[PDB]
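Novice: I'd like to ask some things about the structure below.
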């Protein structure tokens, strides 16, 4: 839902988007990695190639994997996006600009922690 969901006029680590149910459909390629806990989620990495594959921001609204992740591969980011999707109270927020592919938008933020 591209039309005004997250607010730029917000405090560092608060609330984001409106009822994003149920986003899961497609995210390319995955592997297995050891547990690396955080504040709200984990530090999932596809440690598979030297040059980065995916920068894993595990949002407040996701289920981090333990040893699983080798049965579908093509588009398996287990657990949907439902409700609020909050933000840990330390990481900052900076800038947004939209893309063209179908129905969704790409976002970037600077994680100062």
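Numbering (PDB author numbering), first residue to last: 227 to 339. Every residue gets a Cβ at the ideal spot worked out from N, C-alpha and C, and that includes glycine.
Looking at the structure shown, is residue 335 part of a helix, part of a strand, or coil, going by DSSP?
Specialist: Residue 335: coil per DSSP, three-state reduction.
Novice: Check each candidate in 306, 332, 298 and name the one with the smallest Cα separation from residue 256.
Specialist: Looking at the Cα atoms, 298 is the closest of the given residues.
Novice: Tell me which same chain residues have a C-beta within less than 7 Å of the C-beta of residue 333, skipping the five on either side of it?
Specialist: Here the set comprises 322.
Novice: Report yes if the C-beta distance between residue 241 and residue 310 is below 7 Å; otherwise report no.
Specialist: A contact, by the Cβ cut-off of 7 Å.
Novice: Assuming residue 289 contacts residue 305 under a Cβ cut-off of 8 Å, what Cβ separation, rounded to an integer in Å, is found between them?
Specialist: Their Cβ separation, rounded to whole angstroms, is 4 Å, which keeps residue 289 and residue 305 in contact under 8 Å.
Novice: Give every residue of the same chain whose Cβ lies closer than 7 Å to the Cβ of residue 293, excluding the five residues on either side of it in the sequence, and list them in chain order.
Specialist: For residue 293, where only same-chain residues beyond five positions count, the Cβ hits under 7 Å are 258.
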